[PDB]
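In: Need coordinates for the below:
(chains A, B, C and D)
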Protein chains: 4
Amino acid sequence: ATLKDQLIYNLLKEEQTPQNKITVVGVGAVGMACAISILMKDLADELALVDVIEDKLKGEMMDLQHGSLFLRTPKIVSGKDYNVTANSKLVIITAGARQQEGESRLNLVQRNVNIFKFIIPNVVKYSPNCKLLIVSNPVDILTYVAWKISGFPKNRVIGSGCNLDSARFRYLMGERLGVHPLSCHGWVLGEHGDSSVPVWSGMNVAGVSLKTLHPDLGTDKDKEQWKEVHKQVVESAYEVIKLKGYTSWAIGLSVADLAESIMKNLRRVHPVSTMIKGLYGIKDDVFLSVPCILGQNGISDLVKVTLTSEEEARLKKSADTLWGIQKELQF
Amino acid sequence: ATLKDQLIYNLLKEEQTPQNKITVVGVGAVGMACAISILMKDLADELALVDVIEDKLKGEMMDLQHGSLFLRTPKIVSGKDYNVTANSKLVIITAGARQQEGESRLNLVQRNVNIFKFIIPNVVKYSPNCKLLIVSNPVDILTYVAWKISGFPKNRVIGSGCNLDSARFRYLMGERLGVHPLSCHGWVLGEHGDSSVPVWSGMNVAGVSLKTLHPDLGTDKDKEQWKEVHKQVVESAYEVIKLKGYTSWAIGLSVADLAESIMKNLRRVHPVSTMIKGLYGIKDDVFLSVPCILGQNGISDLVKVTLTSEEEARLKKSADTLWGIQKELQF
Amino acid sequence: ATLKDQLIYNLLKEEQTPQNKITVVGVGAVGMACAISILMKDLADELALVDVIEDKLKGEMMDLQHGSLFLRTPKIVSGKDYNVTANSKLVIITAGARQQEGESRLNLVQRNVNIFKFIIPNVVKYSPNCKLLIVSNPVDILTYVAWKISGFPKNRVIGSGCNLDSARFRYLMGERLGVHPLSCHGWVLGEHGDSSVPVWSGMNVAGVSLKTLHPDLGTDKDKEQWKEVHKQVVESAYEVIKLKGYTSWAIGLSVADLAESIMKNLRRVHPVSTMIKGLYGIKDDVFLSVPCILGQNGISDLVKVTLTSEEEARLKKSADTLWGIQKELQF
Amino acid sequence: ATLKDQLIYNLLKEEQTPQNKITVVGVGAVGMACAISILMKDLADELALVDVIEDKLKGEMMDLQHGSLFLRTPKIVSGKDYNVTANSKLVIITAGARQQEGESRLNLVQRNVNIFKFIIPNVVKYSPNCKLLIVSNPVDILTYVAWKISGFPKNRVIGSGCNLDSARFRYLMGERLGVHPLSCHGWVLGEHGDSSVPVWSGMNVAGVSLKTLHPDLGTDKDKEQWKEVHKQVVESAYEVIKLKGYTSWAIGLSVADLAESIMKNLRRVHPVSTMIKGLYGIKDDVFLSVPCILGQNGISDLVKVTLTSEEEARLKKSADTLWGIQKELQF
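Out: Numbers count the residues shown, from 1 in each chain, chains lettered A, B, ... in the order given. The coordinates are given below.
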């Protein structure tokens, strides 16, 4: 018969079903940075890409496939049809609009809510037991939207949130102190956006509180202008957008970071978007970033961070901003 | 005193001189795919990016920097000035014009030769002992150009060549046979382009010659049309370009593959562009892809592949095509 | 009330099915080398160790646990009771007697068959859908034993076989040729032991047949004495045993190599102990090493290597030796 | 012509000089756990092993070499002669006596000081610009000894110190809290031994001070008995020794962790043995563990941790114990 038959004696065949499948919805720069990052961290036995643009989708899939020799993910598939998404453990949504230069993420809300009305039911149809990781902006509101639409328990709907903001924060912290970001600790919580809250009280190296060493830290009076580090965090996205048109690599790595914790059930702590109703006097169904324990069931636990009254005030302000938009939605 | 000084007592100033520095010239899609791939394989203690477009360059650098928390490359720098490139072990050139839909890589020659006249002397100025890895197209001619311009010994000028073509070939081989590409062996040699030569005689799984099993393999008579696999290899770049506008991920991974062998002195065998004068009756200073041993001195050795008379004829044809263009290059 | 409760909320409690669990039976040098190798390749979300020596077992578990900060396997458990083994994807058997200086692996047969009569039913009880990877010696016979005892289909019973022999072979090949073993190809098949068969016909670098270049390769007349490379393969175990008392690291890495292909469903080709009946005129239920495709269902396929009449004669001889012992087996 | 010449055409001859060489002195369980850990983290282009026991040494080398197929370290060498050590970037000393069950590490001092009088000058002879990483016990005193003997600047003499103690601490912290150790923060400083100091003030998850949440933390009055976590840290080594005869895996991983920071110039913070004269009112040349910034020049910086008066008292006590022994040392 065939060359294959001359060479290989077959015992089995289909031997099917993926055990560790990840789907990325959206093959824009963000989606593909998530894809490459996940492929190179060996988090998946199958990667599925979905988009509406069929030419781009096939091209992206093929480009990844041509590099298969150098990867350890044996199955890469794509399709407009969500059936390619079946039995995903983790589905990452990166599809939607995306802010231009000067544009608030909050300005994307109605466009991307409409998109989610199509995407989320289709994802859920084919992977009912998946975790949903929302990356599309505004991520905090859209996490809430994905939660309402999907009907999933809240532990299985995670927004990428301030994982990236905190990463940026720690990078800049490290630059100032001459320490690798890995050894620089500090949390940016709340909205992934303009109303993010830097937790000065928590900033530390080797367990040494920076606010203790330097009480002016985070105030306007601060001779060292540490408040500017947070300002740079807020402005990062806009500045990168200004310079190169979009952001991709940082968010990609950030998402693979979250994927790693979920897929490997690490129970690491990440600042990600989740429902915070009942904390810090928030009474509504607001989603924003707090430190959460991430594992194979998604968010199993929240860390109840202690905030200064001002830090708490800023977080309540973030909550209000978000709830203001959320309440007007048809989810 | 500053917070840094309050917190940290310094013994030593200046983390002086990079030990494992890689430079990527060109921050187009290819350059940045090389960058991310190298960053995630931990091949460098310092990554430098260089381009002429200053806004894009700074934006790319910053995007990578924001993800520092998730990498183990502590220093990422960029600049128009080649002084950011100093003391590189490996310099990867991805700058230049790239082919549009329908356009032969050979059509880029004069534009990219002009570019290389600027780039190569600047690279050499700041990293005289580096290895040059040429990725810009047409890679085989431009490797020769980089060799002439740099004045480097031929072992330190390497073209990415058919590393990717072979990777694609093995992917497709694997698809047909139901085997991981890692276990599918087969070489595409010669021009990284239309005149590439698939070495049917060398195609094997588990040491079993496929041509032995199936003598029609590679010919027009072949009922199974294995020739079409090489068909797909030649046309890959064009089809991906057609679908998504460019290729990035596969070439990126391919380049990191080569970088890994160089940086870690693996002495693995890769089909890369090098001078083949004196082999297969080629008498001119032609560069094309043959299997080479890659390590910390670049190409230390060539494998002298045995070719069928036809396979050799195809390689001589590839050589002629390339030499035809090479001879005209007064640059 | 507790600090844990003050700090950490809880959305989701009971949970607890492992998705990617590996069990290692036997915490001798081999077992623990398998354990460390698997832990550092991130192949498992849970590692279980089982042995009969309770003090040693607990000590080993604890030592690994103390290094948890530096691993990505969140759950390490041990116990005499096989209930710690439940829901393993892959169970690696390394328990039993091992050969002393001068002792043939075939001399371990009755002792280890008796051991397997206890081990295998217990493994199967708690992980009925696992793949069994047999490492205990003589691995080829004991793979057959594990197959008979377990009642598993033959695809889910894999002996580590000649994966290590081939690895050694390629190392030595590489030493002689000045090439990384990764780029040196050559298969040692049959018994993991004295009657192993080096497939000279398949030995190649970059697809170039070494036997073609050097027809004396593998014969006694060979001026270069390539036969000695195989002799060194056969004698490796004995020489290492002579020098340090046992072998551990190489077999450990070899086993993690196989585990990687199984867990990640790579469909890579490895020379491992399996069913062979119906190939090369073998008519009995002999298990020995041939190149097999390894994935999430274990051995899905065998590669039908072409052998010289002598290579085939040697493999039939290996088969006879093994069958001679197998037929006499006392369960 | 030889087979080598038929197969390989040579461009380049001598090749050589290691760029990223690591030496491990001592091939006891600790030495070899360091070796395997380093080999699997790809930290070295060359690994050298040295010991006095020639049979064991050769056996260990060979066992690692046989697994070369599965590693990316192309050169593994061993020898009694320290010339195999030449041009190491990092030399890890694990040779010497180790403690028995119930035996204080401080009881090893004179035996291992004598050993160091031979080892250290030989290491320095062949790798004058290396970093010395001392693992032999008592590590704090022996770091001081290696510093005095070598004549190196203090930044290039590093004791593994409390990197492991802190790792154990964080593991146990994580066990109690249901969080991965990576997300559990807490430092054990001072002597790697009975007089280690747990920094209760610094213990945190997600930046939330545990002592703030639970003021009894670390006291005897503590209902939750967190003091027992530290007691378990002190007793770990002894309990593992009691159970399996020695410790290997945890210290191995801990050492590779430090090696990673040094080789890749990460500037991560690790609690390692260094000279602390001038801190916490210590006036003598005492070495003990404080958080240090680790990179390619070794210890570039110390973090000046803020301690409670009691925590500081405990550290001064640790310092006194160590200085008591150090002052008596003769050369």
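
In: What residues of the host helix or strand of residue A:166 count as buried?
Out: Remark: residue A:166 resides in helix A:163-177, with elements defined by DSSP states H and E. For helix A:163-177, burial by neighbour count (16 or more other Cβ atoms under 10 Å in any protein chain shown) applies to A:163-174, A:177. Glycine gets a C-beta too; all of them are placed from N, C-alpha and C.

In: do the same with stretch A:96-103
Out: So for stretch A:96-103, counting by 16+ other Cβ under 10 Å, buried means A:96, A:97, A:98, A:99.

In: interface residues of the stretch 101-250 of chain A facing chain D?
Out: A:178-180, A:182-183, A:185-187, A:199, A:201-209, A:212-213 (Cβ under 8 Å from any Cβ of the partner chain).

In: which residues does the residue lying closest to residue A:15 once chain neighbours are set aside contact?
Out: Spatial nearest neighbour of residue A:15, chain neighbours left out: residue C:297 (4.3 Å); criterion: Cβ to Cβ, 6 or more residues apart in numbering or on different chains. Residue C:297 sits next to A:12, A:15, C:131, C:155, C:156 when contact means Cβ atoms under 8 Å, 6 or more residues apart in numbering or on different chains.

In: For the residue lying closest to residue A:284 once chain neighbours are set aside, which three-state class applies?
Out: For residue A:284, ignoring the flanking residues on the chain, the nearest one in space by Cβ to Cβ, 6+ apart is residue A:323 at 4.8 Å. The three-state label given to residue A:323 by DSSP: H, G, I helix; E, B strand; the rest coil is helix.

In: and residue A:323, what does it touch?
Out: So residue A:323 contacts A:284, A:285, A:286 (Cβ under 8 Å, 6+ apart).

In: how near is the last one to chain C?
Out: Spelled out, that is residue A:286. In this view, residue A:286 and chain C are 16 Å apart by Cβ to the nearest Cβ, to the nearest Å.

In: Please apply the same query to the first one.
Out: Between residue A:284 and chain C the computed distance is 18 Å (Cβ to the nearest Cβ).

In: Quick check, residue A:286 in contact with residue A:273.
Out: No: between residue A:286 and residue A:273 there is no contact under Cβ atoms under 8 Å: 9.8 Å.

In: what's the overlap in contacts for the two?
Out: The contact lists of residue A:286 and residue A:273 share residue A:140, where a contact means Cβ under 8 Å, 6+ apart.

In: Give me the more crowded residue out of those two.
Out: residue A:273 (34 against 27; other Cβ atoms under 10 Å in any protein chain shown).

In: what about residue A:5, distance to chain C?
Out: 9 Å.

In: Specify the local secondary structure of that residue.
Out: helix.

In: just residue A:314 next, same as before
Out: Under three-state DSSP, the three-state class of residue A:314 is helix.

In: likewise residue A:273?
Out: Residue A:273 is classified as strand under three-state DSSP.

In: what's the closest non-adjacent residue to it?
Out: Nearest non-adjacent residue to residue A:273 (Cβ to Cβ, 6+ apart): residue A:159, at 2.6 Å.

In: Thought residue A:145 was touching that neighbour, still the case?
Out: No: Residue A:159 lies out of contact with residue A:145 (Cβ under 8 Å); the separation is 10.0 Å.

In: Stretch A:251-266 near chain B anywhere?
Out: Yes: under the criterion of Cβ under 8 Å from any Cβ, chain B is reached by stretch A:251-266 at A:252, A:253, A:254, A:256, A:257.

In: dump the residue contacts of residue A:57.
Out: Residue A:57 neighbours (Cβ under 8 Å, 6+ apart): A:27, A:49, A:50, A:51, A:78, A:79, A:80.

In: Could you turn the buried ones of these into a ChimeraX selection?
Out: Restricted to buried positions by 16+ other Cβ under 10 Å, the ChimeraX selection for the contacts of residue A:57 reads:
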select /A:27,49,50,51,78,79
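
In: Now the contacts of residue A:57 in JSON lines, please, with extra columns for secondary structure.
Out: JSON lines is the format used below for those (three-state DSSP):
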{"residue": "A:27", "secondary structure": "coil"}
{"residue": "A:49", "secondary structure": "strand"}
{"residue": "A:50", "secondary structure": "strand"}
{"residue": "A:51", "secondary structure": "coil"}
{"residue": "A:78", "secondary structure": "strand"}
{"residue": "A:79", "secondary structure": "coil"}
{"residue": "A:80", "secondary structure": "coil"}
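
In: Closest one to chain D out of the contacts of residue A:57, please.
Out: Proximity of the contacts of residue A:57 to chain D (Cβ to the nearest Cβ) peaks at residue A:49, which lies at 29.6 Å.

In: For the closest one, which non-adjacent residue is closest in space?
Out: residue A:78 (4.1 Å).

In: and the buried residues of helix A:163-177 near chain B, which?
Out: Answer for those near chain B (Cβ under 8 Å from any Cβ): A:164, A:167, A:168, A:170, A:171, A:174, A:177.

In: residue nearest the centroid of chain A?
Out: Centroid check for chain A by Cα atoms, centre = their mean gives residue A:160 as the closest residue, at 2.1 Å.

In: Tell me how many other residues surround the residue nearest to that residue when sequence neighbours are not counted.
Out: With sequence-adjacent residues excluded and distances taken as Cβ to Cβ, 6+ apart, residue A:160 is closest to residue A:135, at 4.6 Å. Residue A:135 sits with 29 neighbouring residues when counted by other Cβ under 10 Å.

In: Contacts only, for residue A:135.
Out: A:30, A:34, A:92, A:93, A:94, A:159, A:160, A:251, A:255.

In: and it, backbone torsions?
Out: phi -120, psi -30 (degrees, to the nearest 10).

In: Nothing else from me, thank you.
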